[PDB]
Number of protein chains: 4
Amino acid sequence: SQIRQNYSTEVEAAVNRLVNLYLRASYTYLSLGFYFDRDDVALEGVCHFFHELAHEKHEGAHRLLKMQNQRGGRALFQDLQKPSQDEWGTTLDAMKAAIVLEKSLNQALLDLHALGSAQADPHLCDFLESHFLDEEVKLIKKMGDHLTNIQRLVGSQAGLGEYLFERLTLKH
Amino acid sequence: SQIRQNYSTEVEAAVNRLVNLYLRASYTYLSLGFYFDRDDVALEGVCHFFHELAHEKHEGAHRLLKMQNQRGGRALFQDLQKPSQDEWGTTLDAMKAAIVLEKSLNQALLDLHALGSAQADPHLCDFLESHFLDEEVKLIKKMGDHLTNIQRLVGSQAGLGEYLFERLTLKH
Amino acid sequence: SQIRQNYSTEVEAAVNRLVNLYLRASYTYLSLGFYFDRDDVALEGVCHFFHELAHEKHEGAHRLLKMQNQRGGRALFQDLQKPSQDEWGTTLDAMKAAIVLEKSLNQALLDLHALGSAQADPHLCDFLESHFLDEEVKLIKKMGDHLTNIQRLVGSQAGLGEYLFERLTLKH
Amino acid sequence: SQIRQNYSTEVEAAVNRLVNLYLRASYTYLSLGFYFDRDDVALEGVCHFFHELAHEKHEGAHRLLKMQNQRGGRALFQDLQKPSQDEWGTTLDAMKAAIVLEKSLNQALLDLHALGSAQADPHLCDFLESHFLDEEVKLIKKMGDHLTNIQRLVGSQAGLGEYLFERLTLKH
Ligand SMILES: [Cl-]
Ligand SMILES: [Cl-]
Ligand SMILES: [Cl-]
Ligand SMILES: [Cl-]
């Protein structure tokens with residue numbers, strides 16, 4: 001490569017794996033949103049919430065792939081596994097699955113940051129700091145806030161709570 | 001002092017104590033608002049309500065200190081005690097603690113007004129009448145209104161009520 | 001905590017201590033500004049300079065507390081000590097005290113950055129880099145610039161110099 | 001009188017005396033301003049400062065006389081003594097004479113407020129609180145601020161200081 005400088009094969013490979021993780025997360029969110037669009041589920045705000053995240057995770061994959069080319073690494077794509085479930089339960093089940101997914105992405109980001117640090121790759125470290133680490137902290141805080149409000153609304157009137165949360169917290 | 005006229009040492013000292021009370025109240029409100037911002041509490045309207053009051057109480061301290069200098073008294077600052085609690089319970093617990101705090105500030109204002117009256121200090125009396133006494137009556141009425149609505153919403157579905165009050169009465 | 005990830009108890013505790021340091025600094029600046037507002041001091045530009053810093057340090061405390069909740073740590077507030085002096089001397093004395101205060105805040109920021117680095121907490125390190133370290137370097141440079149101009153103006157006409165600096169460098 | 005209610009002869013007489021005091025103060029300020037307009041004094045900002053106060057004191061007399069008629073009292077005018085000096089010395093001498101004058105007006109206001117209080121005349125007490133007491137406190141604080149800045153500028157270069165104060169603090 002005519003441009004590659006200070007860009008380890010270890011980082012290059014980890015960036016390709018992280019792209020696979022983001023595209024898998026986008027796919028998971030596509031499935032979550034279409035479940036909430038079912039006529040027998042019908043929670044529009046929940047569908048919109050997950051479809052926005054499907055878009056955000058596609059955009060994160062695109063940013064990683066752009067950076068891979070800016071550094072002179074080579075994008076390599078692998079098969080994308082299907083999401084973990086075909087049906088996603090309640091809004092509470094779905095938001096618990098989303099927080100699990102986001103904490104897995106966050107740990108992958110932190111692992112790649114630590115590899116970059118070990119490789120003395122400050123451009124990689126800055127790139128994750130600037131475009132990924134705070135976006136993930138903010139999203140996980142928002143999901144935790146939502147989980148608390150969903151849990152408070154269960155009581156012994158779960159249907160009522162699930163409707164009110166979708167109507168009065170999520171966007172429709 | 002070149003400007004001091006009709007300004008007793010008793011009033012000067014009581015104004016400094018009242019400043020300490022207002023800064024303590026601001027601190028209490030800072031803590032109340034950050035509790036409601038926790039991911040395991042997550043009541044944005046409640047956080048906003050208390051943070052606005054933290055600002056209002058800072059502004060009251062600034063107005064007192066400005067008046068102290070306008071009269072030729074000397075601002076003296078003391079240590080600020082931390083708030084009475086680290087965790088504030090439910091919205092109902094927090095609004096009960098806030099009304100207690102506001103009635104303590106109101107009694108301090110009335111005490112200082114009575115001292116000013118005894119000292120034949122009409123500028124001090126006017127100052128409290130114009131900038132503090134009605135603001136306190138209005139705030140205490142608003143808190144009492146909120147307490148009644150929160151209490152009505154407890155029923156036997158406390159979580160539901162707490163969510164609805166934050167969504168439909170407070171600003172988010 | 002449902003959101004906490006990669007957030008050490010050491011960092012959590014150091015963030016709470018840093019909040020106390022920022023609120024103490026805000027209080028110091030409140031006292032500095034009210035001293036310059038005295039009818040027997042009467043340097044409006046100096047009062048404005050310190051009151052702006054009191055606001056900036058309150059805002060830094062709020063940003064730290066917001067981040068503490070975003071990471072799933074728990075805000076804990078302690079008593080706030082009163083400022084070190086009741087009267088602040090000349091503009092030169094006050095700007096020397098301010099530079100001492102700012103270098104203490106800067107060292108606390110650098111200490112917390114080093115703890116974050118040792119704890120492999122890149123979100124904390126980025127957070128300080130993005131919102132605190134350069135703001136502190138810029139403020140300390142501005143204070144050093146002011147100190148040089150104040151010192152140049154003392155000569156053997158100190159009152160004249162103190163007036164001219166407040167009129168022609170500070171904002172009124 | 002068809003309108004007079006709760007308006008003592010004592011207050012009526014004291015309001016007429018206070019009108020005389022305000023018109024005397026206006027006259028004093030007219031003389032102060034014309035002294036500073038002399039070609040051998042030539043401090044335009046000082047002339048403007050005093051002429052604005054001559055206008056303010058005329059307006060206070062007009063407000064008192066309007067209130068006297070609103071209450072059903074009878075305006076009675078007496079001779080107006082000339083000002084205490086024909087020449088007013090330095091800006092410092094003049095601002096010291098002005099503070100003395102303002103403290104005499106302030107004590108007259110406070111005396112009339114106390115008479116109103118003794119006479120259970122709350123409209124009179126409110127009237128002074130609303131239109132006179134804080135205006136006087138604010139003006140005396142401004143004059144004290146000016147006195148400190150003038151004093152700081154004397155040094156051993158009095159002419160220089162007097163010019164700089166008129167140029168950089170007063171309005172021309
Ligand atoms: Cl699979
Ligand atoms: Cl305590
Ligand atoms: Cl202390
Ligand atoms: Cl005479």
Side-chain angles (χ1 to χ4, degrees), chain C residues 29-54 85-98 142-143 145-170 172, chain D residues 43-46 48-50 52-53 56 90-107 109-110 133-170 172:
Chain C
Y29 287 131
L30 178 70
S31 177
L32 272 158
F34 276 112
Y35 169 79
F36 288 98
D37 179 63
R38 287 172 48 171
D39 73 275
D40 63 351
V41 178
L43 292 167
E44 177 185 326
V46 185
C47 173
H48 288 165
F49 178 81
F50 293 127
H51 277 184
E52 168 60 21
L53 285 170
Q85 307 176 212
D86 297 324
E87 295 182 311
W88 299 98
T90 61
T91 303
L92 176 54
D93 293 321
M95 194 67 67
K96 282 177 169 159
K142 176 176 290 186
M143 289 180 171
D145 292 349
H146 288 342
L147 281 170
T148 297
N149 281 99
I150 294 158
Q151 290 169 148
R152 166 194 283 140
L153 280 164
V154 177
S156 56
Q157 291 219 246
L160 172 62
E162 189 164 21
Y163 176 80
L164 289 170
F165 181 77
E166 181 270 337
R167 291 286 88 187
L168 300 181
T169 297
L170 302 176
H172 43 87
Chain D
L43 292 167
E44 177 185 326
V46 185
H48 288 165
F49 178 81
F50 293 127
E52 168 60 21
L53 285 170
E56 293 177 16
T90 61
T91 303
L92 176 54
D93 293 321
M95 194 67 67
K96 282 177 169 159
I99 284 164
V100 166
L101 175 52
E102 289 305 322
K103 285 164 148 178
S104 81
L105 292 182
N106 197 212
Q107 194 53 243
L109 290 168
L110 292 172
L133 295 189
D134 190 48
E135 299 293 272
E136 202 56 37
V137 159
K138 285 178 310 169
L139 178 58
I140 295 167
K141 173 62 162 64
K142 176 176 290 186
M143 289 180 171
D145 292 349
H146 288 342
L147 281 170
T148 297
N149 281 99
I150 294 158
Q151 290 169 148
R152 166 194 283 140
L153 280 164
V154 177
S156 56
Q157 291 219 246
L160 172 62
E162 189 164 21
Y163 176 80
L164 289 170
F165 181 77
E166 181 270 337
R167 291 286 88 187
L168 300 181
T169 297
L170 302 176
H172 43 87

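First the proteins, then the strands, lettered A, B, ... as listed; each starts at 1. Heavy atoms only: backbone and side chains are in, while hydrogens, waters and symmetry mates are out.
- Within a 6.0 Å sphere centred on NZ of D:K142, other residues, nucleotides and ligands contribute 12 heavy atoms or fewer.
- When every heavy atom of C:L160 is checked against every heavy atom of D:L153, the shortest pair comes out as CD1-CD2, 3.8 Å.
- Of the atoms belonging to D:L164, heavy atoms from both backbone and side chain fall under 4.5 Å from chain C.
- In this structure, the portions of D:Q157 lying under 4.5 Å from any heavy atom of chain C include both its backbone and its side chain.
- A donor-acceptor pair under 3.5 Å is absent between the side-chain atoms of D:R152 and the main chain of C:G161, judged by distance alone.
- Closest of all the heavy-atom pairs between D:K141 and C:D37 is NZ-O, 2.8 Å.
- Rounding to the nearest 0.5 angstrom, the gap separating the CG atom in D:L168 from the CD atom in C:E166 is 9.5 Å.
- Across D:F165 and C:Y163, no two heavy atoms sit closer than the pair CA-OH, 3.5 Å.
- The side-chain heavy atoms of D:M143 and C:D39, taken from C-beta on, include no pair separated by under 4.5 Å.
- Going from atom CG of C:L43 over to atom CG of D:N149 covers 6.0 Å, rounded to the nearest 0.5 Å.
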